[PDB]
């Protein structure tokens, strides 16, 4: 089986934001994004002109459209994990949310970054990158790695 996982992290320091995305293919990091630049972290992805600019746009859209309020605490770390899996000709998916490292699932009746993050993250990502896209990318990436001169 194979997995393509995306780890979205938004760090809120006062009013400034630092965003990161790490992409893992079968538990190997292949792509990293630091808010401004996207980069390959594995040889077969070096020189890629198809996935890198695509993800760069997706990741930028994901973070820039998040409607945040001013933080009460000096630091807030918001995590959104998304993974698709293709095993035995079967497509499965998994996602979760972390606030300062801690998983949470329940939406509350107050206007906080923690709540907005939980409420909008999946919907926001799926606008440019849904499960079907993830599976296609996954299978395409697996083949690309196998066919690569590395």
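Positions refer to the first chain, counted from 1.
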Stretch exceeding the other in mean C-alpha B-factor - 37-45, 106-114 | 106-114
According to the deposited model, is the average Cα temperature factor higher in 65-73 or in 115-123?
-> 65-73
Give the position of residue 57 by CA B-factor within its chain, expressed as the lowest, middle or highest third.
-> lowest
By the record's CA B-factor, is residue 26 among the lowest, middle or highest third of residues in the chain?
-> middle
If you rank every modelled residue in this chain by C-alpha B factor, which third holds residue 10: lowest, middle or highest?
-> middle
Among the modelled residues of its chain, does the C-alpha B-factor of residue 85 lie in the lowest, middle or highest third?
-> lowest
